[PDB]
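Colleague: model this:
(one chain, ligands or ions: 4)
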Amino acid sequence: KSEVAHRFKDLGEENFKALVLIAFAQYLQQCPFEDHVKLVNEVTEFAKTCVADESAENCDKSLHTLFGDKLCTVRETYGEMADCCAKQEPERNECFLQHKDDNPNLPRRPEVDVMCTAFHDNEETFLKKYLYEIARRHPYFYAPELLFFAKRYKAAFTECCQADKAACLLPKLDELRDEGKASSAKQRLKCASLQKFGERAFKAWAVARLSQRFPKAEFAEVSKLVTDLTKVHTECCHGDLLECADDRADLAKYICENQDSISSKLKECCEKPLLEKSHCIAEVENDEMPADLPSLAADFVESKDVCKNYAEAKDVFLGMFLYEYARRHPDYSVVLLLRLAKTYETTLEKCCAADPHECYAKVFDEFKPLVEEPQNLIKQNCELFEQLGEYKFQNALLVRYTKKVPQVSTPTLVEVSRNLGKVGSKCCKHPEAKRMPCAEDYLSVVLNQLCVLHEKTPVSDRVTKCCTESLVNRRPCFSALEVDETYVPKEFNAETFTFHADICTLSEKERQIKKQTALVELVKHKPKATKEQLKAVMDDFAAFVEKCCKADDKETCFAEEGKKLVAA
Ligand SMILES: N[C@@H](Cc1cc(I)c(Oc2cc(I)c(O)c(I)c2)c(I)c1)C(=O)O
Ligand SMILES: N[C@@H](Cc1cc(I)c(Oc2cc(I)c(O)c(I)c2)c(I)c1)C(=O)O
Ligand SMILES: N[C@@H](Cc1cc(I)c(Oc2cc(I)c(O)c(I)c2)c(I)c1)C(=O)O
Ligand SMILES: N[C@@H](Cc1cc(I)c(Oc2cc(I)c(O)c(I)c2)c(I)c1)C(=O)O
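Modeller: Numbers count the residues shown, from 1 in each chain. Ligands and ions are numbered 1, 2, ... in the order given. The coordinates are given below.
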């Protein structure tokens, strides 16, 4: 009779408190740390009263009613601001969801010895700081995976803080934020899929992906798994985080009890601890594909029953087409497989209302150009990457995309282009047959970042079109954009280049980011400059910066010499 009691008992007090803190920090990203912990503790102690008697006052209230009521107990609007706390459920929860900010304007690592002192001072307060700061900067983070990150975070300190601490803690902390931002972007795509294109689009994506990983499983087994996984991500993406974690744990138990009807690669994943086992299953490699599978053309092109099966049970028949095609093509990206199933459905739509056997007899010819376009694209960029290396590969992609959509803001163009260029590092080391799913599905994740970053403040009609027209065609849409000829050159400002004392002591990574910022501004100012012309200007300006960083009075040099180039 009490839902808060049910989840407190299923998850245990430690994971309960952590998940409630994550939930509050994702809904109110600007609220100070001390105010959230205070609300968390009141919630936890009420939950204990309900475990002791599920008929006590208020113990019958929904989780949304209880969490929303707490958040409503604690500046300038410029005339525009939604008032979520004046709404009733379920409208109030929808209002909270609509104010999640993907780009929180919030500040961006103290000394190694300084952290170690705060750790042993209070471990528990130190770990909650880690959850709070990540959750408020990534408001769609997959909440059960964040628990697994917090445990690896706790283990790095419980080892390195106790000969040298810097050479022990800093490499580990560095892979925790790489692997942290990869995980965040990956889940932002699932949530955008469910919220903008609907449940039916998500389930197709999951049929395709689970059929590749589990090609020996029966179609009925894949469909059960997809139904359970869709419920989990629906919950995590609508802020039902206690339910999401409880159902994720239940799904892992089901998979591990039924290994022999699912995959032979699960042996070791299923012997690991609670959070580690779900994380293991999520990244398991594909199983071996059965030999001598019958031809696809036999059931889907040649059978005289094609139009009958499409009419009598359309969702099952089209789901079977996708399952059968995907299990025998681990070498295709998920979005390519979804494009083929859409083409097949359109064709039967047309042909079954006409000699249909003759109408759709040549449907496989339509698939060949869909397969060839991404194969050639990724063959070319890998050639370029191997020649140029990551930094200059990034700069090649940055000039291309700035010229496609020059209205997009400079920070967003730099961040997206850097991430697009990481695809060569990540995927070009694989042999041919392994490259398409690695590269084209990573590119979907980065292009979705461009879409959600731009949606907050739309300025480019072309970005809006490609992001709203069709989820699976996003990458071909962007690849096809030419240079905008209607863009008026941006005029010089100069505030971009004002001296700051930190520019003469940059790390290598932050040097690249400064140079990439200046290249975007240059293309926006001179959209017709050739490649040789851009290089000559770039190389002269970098030499100016190196000159004045060696001066007796740095600021004087920057001010005196910078003005000459401005009036040149
Ligand atoms: N490269 C893709 C492939 C992939 C997607 C899903 I969707 C999936 O099914 C699960 C099951 C559980 I349990 C999870 O916690 C999650 I997250 C996904 C599995 I196996 C693999 C990816 O991993 O996204
Ligand atoms: N030297 C090549 C020209 C070429 C330039 C770029 I820059 C490039 O990289 C991308 C990456 C993405 I993602 C795109 O959507 C696009 I369009 C281009 C590729 I591949 C090829 C030739 O002449 O064959
Ligand atoms: N105004 C900013 C600091 C800032 C100063 C300069 I001078 C600059 O311009 C370049 C151009 C090239 I080409 C380089 O290789 C480098 I390093 C810096 C940039 I971008 C940023 C602030 O207040 O923080
Ligand atoms: N005297 C010109 C103004 C002008 C100043 C600069 I300094 C400049 O050089 C750069 C180099 C980089 I690198 C940039 O990102 C940018 I924006 C401009 C250029 I070309 C033109 C006029 O009044 O028309």
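Colleague: make it CA atoms for all contacts and neighbour counts henceforth
Modeller: OK.
Colleague: so residue 193 sits right up against residue 201, yeah?
Modeller: Yes. Under the contact definition of C-alpha atoms under 8 Å, residue 193 touches residue 201, with a separation of 7.1 Å.
Colleague: Just want to know which of the two has more residues nearby.
Modeller: Ranked by neighbour count (other C-alpha atoms under 10 Å), residue 193 and residue 201 place residue 193 first, with 19 against 15.
Colleague: who in the protein is up against ligand 1?
Modeller: Proximity of the chain to ligand 1, by C-alpha under 6 Å from any ligand atom, involves residues 206, 209, 248, 251, 252, 278, 281, 282, 283.
Colleague: Contacts only, for the most centrally placed residue in the chain.
Modeller: Among the residues of the chain, residue 185 comes closest to the average C-alpha position under C-alpha atoms, centre = their mean, at 1.7 Å. Residues in contact with residue 185, defined by C-alpha atoms under 8 Å, 6 or more residues apart in numbering, are 445, 446, 449.
Colleague: Kindly export the strand or helix carrying the second one (C-alpha atoms) in PDB.
Modeller: Meaning residue 446. Taking DSSP states H and E as the definition, one finds residue 446 inside helix 435-455. Presented in PDB, the C-alpha positions along helix 435-455 are these (Å, rounded to 0.1, in the frame of the first residue of the first chain):
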ATOM      1  CA  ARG A 435      34.100  -0.200 -38.800                       C
ATOM      2  CA  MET A 436      30.500   0.800 -39.800                       C
ATOM      3  CA  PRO A 437      28.700   0.100 -36.600                       C
ATOM      4  CA  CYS A 438      31.500   1.700 -34.500                       C
ATOM      5  CA  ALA A 439      31.600   4.800 -36.600                       C
ATOM      6  CA  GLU A 440      28.000   5.500 -37.800                       C
ATOM      7  CA  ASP A 441      26.400   4.800 -34.500                       C
ATOM      8  CA  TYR A 442      29.000   7.000 -32.700                       C
ATOM      9  CA  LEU A 443      28.200   9.800 -35.200                       C
ATOM     10  CA  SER A 444      24.500   9.500 -34.300                       C
ATOM     11  CA  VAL A 445      25.500  10.200 -30.600                       C
ATOM     12  CA  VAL A 446      27.500  13.300 -31.500                       C
ATOM     13  CA  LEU A 447      25.000  14.700 -34.000                       C
ATOM     14  CA  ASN A 448      22.300  14.400 -31.300                       C
ATOM     15  CA  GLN A 449      24.500  16.500 -29.100                       C
ATOM     16  CA  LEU A 450      24.500  19.200 -31.800                       C
ATOM     17  CA  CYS A 451      20.600  18.900 -32.000                       C
ATOM     18  CA  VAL A 452      19.900  19.300 -28.200                       C
ATOM     19  CA  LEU A 453      22.600  22.100 -27.800                       C
ATOM     20  CA  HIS A 454      21.000  24.100 -30.600                       C
ATOM     21  CA  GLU A 455      17.300  23.500 -29.600                       C
END
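Colleague: thinking again about what came up before, would you mind checking the residues of the chain next to ligand 1 for buried ones?
Modeller: Buried members of the residues of the chain next to ligand 1, counted by 16 or more other C-alpha atoms under 10 Å: 206, 209, 248, 251, 252, 278, 281.
Colleague: Export those residues as TSV, with columns for secondary structure.
Modeller: Listed next are these as TSV, based on DSSP: H, G, I helix; E, B strand; the rest coil:
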residue	secondary structure
206	helix
209	helix
248	helix
251	helix
252	helix
278	helix
281	helix
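Colleague: Go through the residues you listed and name the one nearest ligand 2.
Modeller: Distances from those to ligand 2 were compared by C-alpha to the nearest ligand atom; the smallest belongs to residue 209, at 21.8 Å.
Colleague: Excluding chain neighbours, give the residue nearest to that closest one in space.
Modeller: On the basis of C-alpha to C-alpha, 6 or more residues apart in numbering, the spatially nearest residue to residue 209 that is not a chain neighbour turns out to be residue 334, at 6.3 Å.
Colleague: near ligand 3, which residues of the protein show up?
Modeller: Proximity of the chain to ligand 3 is confined to 496-500, 503, 511, 514-515, 517-518, 538, 541-542, 545 under the rule C-alpha under 6 Å from any ligand atom.
Colleague: among those residues, which are in reach of ligand 4?
Modeller: Filtering the residues of the chain next to ligand 3 for proximity to ligand 4 by C-alpha under 6 Å from any ligand atom leaves 518, 538, 541.
Colleague: For the stretch 201-350 of the chain, just list every one of the helices.
Modeller: 219-237, 241-257, 274-282, 296-297, 306-312, 314-327, 334-351 (DSSP state H, counting those that start in this stretch).
Colleague: Ok, which of these comes nearest ligand 4?
Modeller: Between ligand 4 and the helices of the stretch 201-350 of the chain, the shortest gap by C-alpha to the nearest ligand atom is with helix 334-351, which sits at 37.0 Å.
Colleague: name the helices or strands packed onto that closest one?
Modeller: For helix 334-351, the helices and strands in contact under the criterion 3 or more C-alpha pairs under 8 Å, 6 or more residues apart in numbering; DSSP states H and E are helix 199-213, helix 314-327, helix 363-388, helix 435-455.
Colleague: I'd like to know which of the ones you listed lies nearest to residue 40.
Modeller: Evaluated with C-alpha to C-alpha, those place helix 435-455 nearest to residue 40, the distance being 29.9 Å.
Colleague: what does the closest one contact?
Modeller: The contact list for helix 435-455 (C-alpha under 8 Å, 6+ apart) reads 102-103, 185-186, 188-189, 330-335, 374-375, 378, 408, 412, 416, 419-420, 423, 426-428, 463-464, 467, 474-475.
Colleague: May I see the buried residues of that helix?
Modeller: Using 16+ other C-alpha under 10 Å as the test for burial, helix 435-455 gives 435-454.
Colleague: Kindly report the same for stretch 172-191.
Modeller: Of the residues in stretch 172-191, those with enough neighbours to count as buried (16+ other C-alpha under 10 Å) are 180, 184, 185, 186, 187, 188, 189, 190, 191.
Colleague: quick one: which of the residues you listed sit in helices?
Modeller: Secondary structure assignment (DSSP state H) places 180, 184, 185, 186, 187, 188, 189, 190, 191 from the buried residues of stretch 172-191 within helices.
Colleague: Show me which of these is closest to residue 312.
Modeller: With C-alpha to C-alpha as the yardstick, the closest approach to residue 312 among these comes from residue 190, at 31.1 Å.
Colleague: Tell me who's in contact with that closest one.
Modeller: Per C-alpha under 8 Å, 6+ apart, neighbours of residue 190: 202, 233.
Colleague: So it versus residue 259, what's the distance?
Modeller: In this structure, residue 190 lies at 26 Å from residue 259, with C-alpha to C-alpha, to the nearest Å as the measure.
Colleague: next one: residue 178
Modeller: 32 Å.
Colleague: Ok, residue 542 next?
Modeller: When distances are taken as C-alpha to C-alpha, residue 542 and residue 259 turn out to be 59 Å apart.
Colleague: and residue 302, how many residues sit next to it?
Modeller: Applying other C-alpha under 10 Å, I find that residue 302 has 14 neighbouring residues.
Colleague: Ok, residue 11 next?
Modeller: The local packing of residue 11 (other C-alpha under 10 Å) involves 17 other residues.
Colleague: ok, and the closest non-adjacent residue to it?
Modeller: residue 246 (6.8 Å).
Colleague: Correct me if wrong: that neighbour contacts residue 10.
Modeller: Yes. Using C-alpha under 8 Å as the test, residue 246 is close enough to residue 10 to be in contact (7.0 Å).
Colleague: ok so, going back, closest one of the buried ones among the residues of the chain next to ligand 1 to residue 62?
Modeller: Lowest distance from residue 62 to those (C-alpha to C-alpha) belongs to residue 248, with 20.4 Å.
Colleague: you'd agree the closest one is up against residue 234?
Modeller: No. The pair residue 248 and residue 234 does not pass the contact test of C-alpha under 8 Å, sitting 11.7 Å apart.
Colleague: From residue 373, how far off is the residue of the chain found nearest ligand 1?
Modeller: Taking C-alpha to the nearest ligand atom, ligand 1 has its nearest neighbour within the chain at residue 282, 4.1 Å off. Counting by C-alpha to C-alpha, the gap between residue 282 and residue 373 amounts to 29 Å.
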